[PDB]
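Engineer: I am sharing upload-v8.tsv, which consists of TSV, C-alpha atoms and all ligand atoms:
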```
chain	number	residue	atom	x	y	z
A	2	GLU	CA	-13.73	4.76	-22.68
A	3	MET	CA	-13.42	2.38	-19.65
A	4	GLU	CA	-17.11	2.97	-18.60
A	5	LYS	CA	-18.26	1.14	-21.80
A	6	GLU	CA	-15.48	-1.45	-21.39
A	7	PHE	CA	-16.94	-1.88	-17.80
A	8	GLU	CA	-20.50	-2.54	-19.12
A	9	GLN	CA	-19.20	-4.99	-21.83
A	10	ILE	CA	-17.18	-7.05	-19.29
A	11	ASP	CA	-20.04	-6.83	-16.73
A	12	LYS	CA	-22.89	-7.75	-19.20
A	13	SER	CA	-20.74	-10.63	-20.63
A	14	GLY	CA	-19.52	-11.57	-17.05
A	15	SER	CA	-15.90	-11.67	-18.44
A	16	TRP	CA	-14.07	-10.45	-15.22
A	17	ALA	CA	-12.38	-13.84	-14.49
A	18	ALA	CA	-11.24	-13.89	-18.19
A	19	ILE	CA	-9.75	-10.30	-18.23
A	20	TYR	CA	-8.10	-11.15	-14.86
A	21	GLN	CA	-6.38	-14.32	-16.24
A	22	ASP	CA	-5.00	-12.39	-19.30
A	23	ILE	CA	-3.39	-9.92	-16.81
A	24	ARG	CA	-1.99	-12.88	-14.80
A	25	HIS	CA	-0.56	-14.37	-18.08
A	26	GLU	CA	0.98	-11.05	-19.33
A	27	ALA	CA	2.44	-10.03	-15.87
A	28	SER	CA	6.26	-9.63	-15.53
A	29	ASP	CA	8.42	-12.25	-13.78
A	30	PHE	CA	11.71	-11.06	-12.30
A	31	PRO	CA	14.07	-12.77	-9.91
A	32	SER	CA	13.39	-12.57	-6.10
A	33	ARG	CA	16.68	-14.23	-4.96
A	34	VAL	CA	17.26	-12.05	-1.87
A	35	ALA	CA	13.68	-12.79	-0.54
A	36	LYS	CA	14.30	-16.58	-1.00
A	37	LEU	CA	17.55	-16.69	1.08
A	38	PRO	CA	16.92	-19.20	3.94
A	39	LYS	CA	17.80	-16.55	6.61
A	40	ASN	CA	14.92	-14.26	5.33
A	41	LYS	CA	12.19	-16.97	5.80
A	42	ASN	CA	11.09	-15.33	9.11
A	43	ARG	CA	11.09	-11.82	7.43
A	44	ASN	CA	8.37	-13.00	5.00
A	45	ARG	CA	4.71	-13.36	5.97
A	46	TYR	CA	3.92	-15.59	2.93
A	47	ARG	CA	6.30	-17.91	1.00
A	48	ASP	CA	4.70	-17.01	-2.44
A	49	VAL	CA	4.77	-13.16	-1.93
A	50	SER	CA	8.22	-11.74	-2.58
A	51	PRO	CA	9.68	-8.42	-3.69
A	52	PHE	CA	11.67	-8.52	-6.99
A	53	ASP	CA	15.39	-7.86	-6.42
A	54	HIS	CA	15.40	-4.90	-8.86
A	55	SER	CA	12.72	-2.86	-6.98
A	56	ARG	CA	13.18	-4.09	-3.36
A	57	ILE	CA	13.68	-1.52	-0.56
A	58	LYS	CA	16.99	-2.02	1.21
A	59	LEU	CA	17.41	-1.24	4.91
A	60	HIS	CA	20.63	0.77	5.69
A	61	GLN	CA	21.75	-1.82	8.37
A	62	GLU	CA	25.00	-3.77	7.54
A	63	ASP	CA	23.88	-7.14	9.03
A	64	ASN	CA	20.78	-7.88	6.84
A	65	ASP	CA	19.28	-5.23	4.51
A	66	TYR	CA	16.14	-7.26	3.72
A	67	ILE	CA	12.48	-6.19	4.15
A	68	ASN	CA	9.48	-7.40	2.20
A	69	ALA	CA	8.82	-4.04	0.50
A	70	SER	CA	8.87	-2.77	-3.10
A	71	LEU	CA	9.25	0.69	-4.67
A	72	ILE	CA	6.57	1.28	-7.37
A	73	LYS	CA	7.74	4.24	-9.55
A	74	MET	CA	5.02	5.61	-11.92
A	75	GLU	CA	7.17	7.86	-14.21
A	76	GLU	CA	4.37	9.56	-16.19
A	77	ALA	CA	2.23	10.23	-13.07
A	78	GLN	CA	5.30	11.38	-11.03
A	79	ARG	CA	4.03	9.19	-8.13
A	80	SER	CA	6.04	6.67	-6.09
A	81	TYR	CA	4.68	4.17	-3.49
A	82	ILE	CA	6.32	1.66	-1.18
A	83	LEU	CA	4.15	-1.46	-0.98
A	84	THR	CA	4.93	-3.78	1.95
A	85	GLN	CA	3.42	-6.64	3.95
A	86	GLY	CA	1.77	-6.11	7.33
A	87	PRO	CA	4.72	-6.20	9.75
A	88	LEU	CA	5.49	-9.33	11.71
A	89	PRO	CA	6.21	-9.30	15.49
A	90	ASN	CA	9.93	-9.57	14.61
A	91	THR	CA	9.88	-6.94	11.74
A	92	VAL	CA	8.08	-3.99	13.47
A	93	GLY	CA	11.46	-2.34	14.07
A	94	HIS	CA	12.52	-2.88	10.39
A	95	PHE	CA	9.19	-1.33	9.27
A	96	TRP	CA	9.81	1.91	11.20
A	97	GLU	CA	13.50	1.98	10.13
A	98	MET	CA	12.26	1.85	6.50
A	99	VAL	CA	9.78	4.71	7.14
A	100	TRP	CA	12.65	6.74	8.64
A	101	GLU	CA	15.28	5.96	5.95
A	102	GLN	CA	12.88	6.64	3.02
A	103	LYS	CA	11.54	9.99	4.47
A	104	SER	CA	7.93	8.83	4.18
A	105	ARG	CA	5.27	11.25	5.61
A	106	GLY	CA	2.31	8.79	5.51
A	107	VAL	CA	1.50	5.13	6.25
A	108	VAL	CA	-1.66	3.75	4.60
A	109	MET	CA	-3.11	0.60	6.31
A	110	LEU	CA	-5.99	-1.15	4.52
A	111	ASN	CA	-6.61	-4.11	6.92
A	112	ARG	CA	-7.66	-4.74	10.58
A	113	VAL	CA	-5.10	-6.38	12.86
A	114	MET	CA	-7.50	-9.34	13.20
A	115	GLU	CA	-9.67	-10.53	10.32
A	116	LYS	CA	-11.46	-13.90	9.94
A	117	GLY	CA	-10.30	-14.74	13.53
A	118	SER	CA	-6.54	-14.63	12.67
A	119	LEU	CA	-3.85	-11.93	13.01
A	120	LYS	CA	-3.10	-10.23	9.66
A	121	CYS	CA	-0.53	-7.79	11.13
A	122	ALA	CA	1.37	-6.98	14.38
A	123	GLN	CA	0.04	-4.03	16.40
A	124	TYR	CA	2.97	-1.78	15.26
A	125	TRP	CA	1.78	1.62	16.65
A	126	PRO	CA	0.91	2.75	20.22
A	127	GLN	CA	-2.71	2.60	21.44
A	128	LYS	CA	-2.37	5.39	24.07
A	129	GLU	CA	-0.52	8.75	24.22
A	130	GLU	CA	1.22	7.91	27.54
A	131	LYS	CA	2.47	4.42	26.41
A	132	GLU	CA	5.11	4.99	23.72
A	133	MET	CA	6.93	2.13	21.89
A	134	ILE	CA	10.69	1.71	21.72
A	135	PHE	CA	12.23	-0.55	19.00
A	136	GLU	CA	15.59	-1.50	20.59
A	137	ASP	CA	16.89	-3.32	17.44
A	138	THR	CA	16.54	-0.11	15.28
A	139	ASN	CA	16.88	2.63	17.96
A	140	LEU	CA	13.56	4.39	17.27
A	141	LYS	CA	10.81	5.65	19.57
A	142	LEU	CA	7.20	6.05	18.43
A	143	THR	CA	4.57	8.16	20.28
A	144	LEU	CA	0.89	8.50	19.58
A	145	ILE	CA	0.18	12.31	19.42
A	146	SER	CA	-3.49	12.22	18.41
A	147	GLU	CA	-6.15	9.88	16.98
A	148	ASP	CA	-9.23	10.97	14.95
A	149	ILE	CA	-11.72	8.03	14.65
A	150	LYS	CA	-14.35	8.35	11.86
A	151	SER	CA	-16.98	5.88	10.63
A	152	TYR	CA	-14.90	4.35	7.76
A	153	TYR	CA	-11.28	5.27	8.77
A	154	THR	CA	-9.03	6.52	11.55
A	155	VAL	CA	-6.22	9.08	11.15
A	156	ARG	CA	-3.41	9.10	13.67
A	157	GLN	CA	-0.58	11.63	14.16
A	158	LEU	CA	2.60	9.86	15.36
A	159	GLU	CA	6.01	11.15	16.35
A	160	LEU	CA	8.96	9.06	15.24
A	161	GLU	CA	12.22	9.81	17.06
A	162	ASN	CA	15.67	8.65	15.98
A	163	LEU	CA	17.17	7.85	19.41
A	164	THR	CA	20.68	7.94	17.77
A	165	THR	CA	20.45	11.63	16.59
A	166	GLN	CA	17.37	12.82	18.58
A	167	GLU	CA	15.77	14.05	15.30
A	168	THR	CA	11.97	13.72	15.25
A	169	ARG	CA	9.41	13.54	12.46
A	170	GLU	CA	5.68	13.64	12.31
A	171	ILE	CA	4.13	10.57	10.50
A	172	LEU	CA	0.45	10.36	9.53
A	173	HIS	CA	-1.21	6.92	9.87
A	174	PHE	CA	-4.26	6.46	7.62
A	175	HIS	CA	-6.21	3.37	8.69
A	176	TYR	CA	-9.10	2.24	6.46
A	177	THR	CA	-11.09	0.13	8.98
A	178	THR	CA	-14.19	-1.02	7.02
A	179	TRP	CA	-12.86	-3.19	4.16
A	180	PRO	CA	-15.09	-6.30	4.58
A	181	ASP	CA	-13.59	-9.70	5.72
A	182	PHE	CA	-14.83	-11.22	2.39
A	183	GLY	CA	-15.05	-9.61	-1.07
A	184	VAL	CA	-14.84	-5.83	-1.78
A	185	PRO	CA	-16.97	-2.83	-0.62
A	186	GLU	CA	-20.38	-2.62	-2.43
A	187	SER	CA	-19.77	1.15	-3.14
A	188	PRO	CA	-16.38	2.83	-3.81
A	189	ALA	CA	-17.64	6.03	-2.11
A	190	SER	CA	-15.92	5.60	1.30
A	191	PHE	CA	-12.70	4.28	-0.33
A	192	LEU	CA	-12.52	7.38	-2.66
A	193	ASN	CA	-13.26	9.64	0.35
A	194	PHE	CA	-10.30	7.94	2.13
A	195	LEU	CA	-8.00	8.29	-0.92
A	196	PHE	CA	-8.84	12.09	-1.16
A	197	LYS	CA	-8.03	12.43	2.55
A	198	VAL	CA	-4.62	10.86	2.03
A	199	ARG	CA	-3.99	13.22	-0.95
A	200	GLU	CA	-5.11	16.28	1.05
A	201	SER	CA	-2.57	15.45	3.81
A	202	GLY	CA	0.43	16.03	1.49
A	203	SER	CA	1.60	12.40	2.10
A	204	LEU	CA	1.62	11.59	-1.73
A	205	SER	CA	3.49	14.77	-2.66
A	206	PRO	CA	6.98	14.78	-4.21
A	207	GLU	CA	8.44	16.93	-1.35
A	208	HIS	CA	8.31	13.77	0.86
A	209	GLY	CA	9.57	10.22	0.51
A	210	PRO	CA	7.15	7.67	-0.96
A	211	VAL	CA	4.01	6.78	0.99
A	212	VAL	CA	4.09	3.33	2.66
A	213	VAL	CA	1.02	1.25	1.75
A	214	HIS	CA	0.15	-2.17	3.27
A	215	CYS	CA	-2.59	-4.74	3.82
A	216	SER	CA	-1.65	-8.32	4.96
A	217	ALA	CA	0.43	-9.35	1.87
A	218	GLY	CA	0.88	-5.82	0.34
A	219	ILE	CA	-0.59	-6.86	-3.10
A	220	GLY	CA	-4.45	-6.96	-3.05
A	221	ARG	CA	-6.12	-4.02	-1.27
A	222	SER	CA	-2.73	-2.18	-1.45
A	223	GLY	CA	-2.77	-2.71	-5.23
A	224	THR	CA	-6.31	-1.24	-5.52
A	225	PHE	CA	-5.22	1.90	-3.61
A	226	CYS	CA	-2.16	2.66	-5.87
A	227	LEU	CA	-3.99	1.68	-9.11
A	228	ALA	CA	-6.93	4.09	-8.38
A	229	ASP	CA	-4.60	6.97	-7.29
A	230	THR	CA	-2.31	6.65	-10.39
A	231	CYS	CA	-5.25	6.28	-12.87
A	232	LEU	CA	-7.06	9.39	-11.51
A	233	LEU	CA	-3.79	11.43	-11.59
A	234	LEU	CA	-3.11	10.41	-15.25
A	235	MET	CA	-6.66	11.55	-16.16
A	236	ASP	CA	-5.84	15.03	-14.69
A	237	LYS	CA	-2.54	15.19	-16.59
A	238	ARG	CA	-3.46	13.97	-20.11
A	239	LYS	CA	-4.92	15.95	-23.07
A	240	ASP	CA	-7.43	13.07	-23.52
A	241	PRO	CA	-8.53	11.56	-20.13
A	242	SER	CA	-10.10	8.44	-21.85
A	243	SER	CA	-6.60	7.48	-23.16
A	244	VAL	CA	-6.10	5.94	-19.65
A	245	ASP	CA	-6.17	2.12	-19.87
A	246	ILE	CA	-6.44	0.62	-16.30
A	247	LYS	CA	-5.10	-2.80	-17.63
A	248	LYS	CA	-1.92	-1.16	-18.99
A	249	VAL	CA	-1.36	0.83	-15.78
A	250	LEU	CA	-1.80	-2.39	-13.69
A	251	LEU	CA	0.71	-4.25	-15.89
A	252	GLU	CA	3.23	-1.35	-15.57
A	253	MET	CA	2.78	-1.53	-11.73
A	254	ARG	CA	3.28	-5.37	-11.84
A	255	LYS	CA	6.83	-4.80	-13.18
A	256	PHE	CA	7.66	-3.53	-9.65
A	257	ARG	CA	5.76	-5.95	-7.39
A	258	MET	CA	4.09	-9.27	-8.18
A	259	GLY	CA	0.42	-10.07	-7.79
A	260	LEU	CA	-1.03	-6.53	-7.42
A	261	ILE	CA	-4.87	-7.04	-7.49
A	262	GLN	CA	-5.48	-10.54	-6.06
A	263	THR	CA	-9.00	-11.35	-7.44
A	264	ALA	CA	-11.33	-10.51	-10.36
A	265	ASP	CA	-13.56	-8.74	-7.78
A	266	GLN	CA	-10.66	-6.42	-6.80
A	267	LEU	CA	-10.18	-5.70	-10.55
A	268	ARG	CA	-13.91	-4.87	-11.01
A	269	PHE	CA	-13.80	-2.70	-7.83
A	270	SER	CA	-10.68	-0.83	-9.18
A	271	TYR	CA	-12.59	-0.01	-12.42
A	272	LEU	CA	-15.65	1.19	-10.38
A	273	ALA	CA	-13.41	3.36	-8.12
A	274	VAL	CA	-11.66	5.06	-11.09
A	275	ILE	CA	-14.96	5.52	-13.05
A	276	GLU	CA	-16.71	7.04	-10.00
A	277	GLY	CA	-13.63	9.09	-9.03
A	278	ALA	CA	-13.41	10.52	-12.61
A	279	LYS	CA	-16.95	12.04	-12.09
A	280	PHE	CA	-15.59	14.06	-9.05
A	281	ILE	CA	-12.54	15.11	-11.26
A	282	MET	CA	-14.40	16.01	-14.57
A	301	LIG	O1	8.81	-16.85	12.64
A	301	LIG	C1	8.24	-16.91	11.45
A	301	LIG	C2	8.10	-18.12	10.82
A	301	LIG	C3	7.53	-18.22	9.58
A	301	LIG	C4	7.07	-17.10	8.90
A	301	LIG	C5	6.47	-17.24	7.58
A	301	LIG	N1	7.49	-17.62	6.58
A	301	LIG	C6	6.84	-18.02	5.27
A	301	LIG	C7	7.87	-18.47	4.34
A	301	LIG	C8	8.62	-17.62	3.60
A	301	LIG	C9	9.56	-18.27	2.76
A	301	LIG	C10	9.49	-19.61	2.89
A	301	LIG	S1	8.30	-20.09	4.02
A	301	LIG	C11	7.23	-15.87	9.53
A	301	LIG	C12	7.79	-15.75	10.78
```
Output the structure of this file as structure tokens.
Ligand SMILES: Oc1ccc(CNCc2cccs2)cc1
Structural biologist:
Amino acid sequence: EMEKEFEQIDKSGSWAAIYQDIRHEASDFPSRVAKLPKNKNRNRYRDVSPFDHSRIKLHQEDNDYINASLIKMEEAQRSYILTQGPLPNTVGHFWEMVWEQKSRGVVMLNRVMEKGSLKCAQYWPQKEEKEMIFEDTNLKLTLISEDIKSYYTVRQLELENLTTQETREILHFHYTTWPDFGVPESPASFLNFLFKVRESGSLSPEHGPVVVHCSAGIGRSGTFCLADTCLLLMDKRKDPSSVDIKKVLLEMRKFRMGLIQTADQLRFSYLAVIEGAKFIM
């Protein structure tokens, strides 16, 4: 049982040690498309790249590249697209990806500005009457409604394909209270947020995979997917304590590098799953 594993690692202060063994054991696959000189300006960070085998391709003939990965969790029957916070020049590619993959939800785990720098382009409209048009990808995005709560904001958006005049409703889930440094003290509001995403139908197999991002698409984004998958496997299995969070993280790391950026994010992921298991058992 992970709860006893938690106390052992905590009492021995072994988090940095566990974390390094995960780093050591993590998969390494080629990222040749990401490294092509012409894709430099499509990448936020030079050391955060999608693997070629799991990368999302845009259906545009010129350049199919976006910094996004498909994470397929076969036993849990859950998929996720993890991506970076869009750049000023990739906002149109972002929405094209949402469209092409039939996603119903976008999960954002960062503020546009943190530590006095921009972590992400403002890629959705701030007012109903001021819609956004992405001329490069022929999409229009309208804010329909915005529900602001203490720890998160939910937005209903309308995405229109200007080429075919089809429209879809997209839900934007914006977790607004992740602190600038470290991790939340309590996983309560994060779990509350994760259950709200689940309740929306955004994680359901009827729809395309949910799009999840922070700034790099590996740290906070990693914590979200890791907690969701671990809780789902505990519902599914004959023995819920067969779930090993380290094995699940390593399976997820076959699809995108660097998921869970610090030993504190790892400790927080354990705390979230342990606390979430109480509300599921
Ligand atoms: O216009 C832009 C200029 C640079 C960047 C960041 N690129 C980071 C790097 C990726 C690969 C090698 S260096 C984004 C937009």
Engineer: Of the residues A:175, A:131, A:247, A:5, which is the one nearest to residue 27 (chain A), using only C-alpha atoms?
Structural biologist: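 Closest candidate: A:247.
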Engineer: What are the centre and edge lengths in Å, to one decimal, of the axis-aligned box around all listed atoms of ligand LIG 301 (chain A) with 6 Å added on each side, as lines of an AutoDock Vina configuration file?
Structural biologist:
```
center_x = 8.0
center_y = -17.9
center_z = 7.7
size_x = 15.1
size_y = 16.3
size_z = 21.9
```
Engineer: Around ligand LIG 301 (chain A), out to 9 Å and counting all atoms listed in the file, which residues are there? I want them as a PyMOL selection string.
Structural biologist: chain A and resi 35-38+40-50+88-90
Engineer: Just write the chosen residues, C-alpha atoms, as a PDB file, in the frame of the given file.
Structural biologist:
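Just written: selection-v6.pdb:
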```pdb
ATOM      1  CA  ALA A  35      13.680 -12.790  -0.540  1.00  0.00           C
ATOM      2  CA  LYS A  36      14.300 -16.580  -1.000  1.00  0.00           C
ATOM      3  CA  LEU A  37      17.550 -16.690   1.080  1.00  0.00           C
ATOM      4  CA  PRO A  38      16.920 -19.200   3.940  1.00  0.00           C
ATOM      5  CA  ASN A  40      14.920 -14.260   5.330  1.00  0.00           C
ATOM      6  CA  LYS A  41      12.190 -16.970   5.800  1.00  0.00           C
ATOM      7  CA  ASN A  42      11.090 -15.330   9.110  1.00  0.00           C
ATOM      8  CA  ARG A  43      11.090 -11.820   7.430  1.00  0.00           C
ATOM      9  CA  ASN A  44       8.370 -13.000   5.000  1.00  0.00           C
ATOM     10  CA  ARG A  45       4.710 -13.360   5.970  1.00  0.00           C
ATOM     11  CA  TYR A  46       3.920 -15.590   2.930  1.00  0.00           C
ATOM     12  CA  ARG A  47       6.300 -17.910   1.000  1.00  0.00           C
ATOM     13  CA  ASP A  48       4.700 -17.010  -2.440  1.00  0.00           C
ATOM     14  CA  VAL A  49       4.770 -13.160  -1.930  1.00  0.00           C
ATOM     15  CA  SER A  50       8.220 -11.740  -2.580  1.00  0.00           C
ATOM     16  CA  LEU A  88       5.490  -9.330  11.710  1.00  0.00           C
ATOM     17  CA  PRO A  89       6.210  -9.300  15.490  1.00  0.00           C
ATOM     18  CA  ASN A  90       9.930  -9.570  14.610  1.00  0.00           C
TER      19      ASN A  90
END
```
Engineer: So that I can see what lies close to residue 100 (chain A), please list as a VMD selection string the residues with an atom at most 12 Å from it, counting only C-alpha atoms and leaving out residues fewer than 2 positions away in the same chain.
Structural biologist: chain A and resid 59 to 60 93 to 98 102 to 107 138 to 142 159 to 163 167 to 171 208 to 212
Engineer: Which residue is closest to residue 257 (chain A)? Choose from A:52, A:135, A:280, A:16 and count all atoms listed in the file.
Structural biologist: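 Using all atoms listed in the file, the shortest distance to residue 257 (chain A) belongs to A:52.
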Engineer: Residues within 7 Å of residue 111 (chain A), please, as number ranges by chain. Count all atoms listed in the file; anything in the same chain fewer than 4 positions from it doesn't count.
Structural biologist: A: 176-177, 179, 215-216
Engineer: Looking at all atoms listed in the file, which of A:192, A:67, A:125, A:207 is the one that sits closest to residue 172 (chain A)?
Structural biologist: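 Under the stated criterion, the closest residue is A:125.
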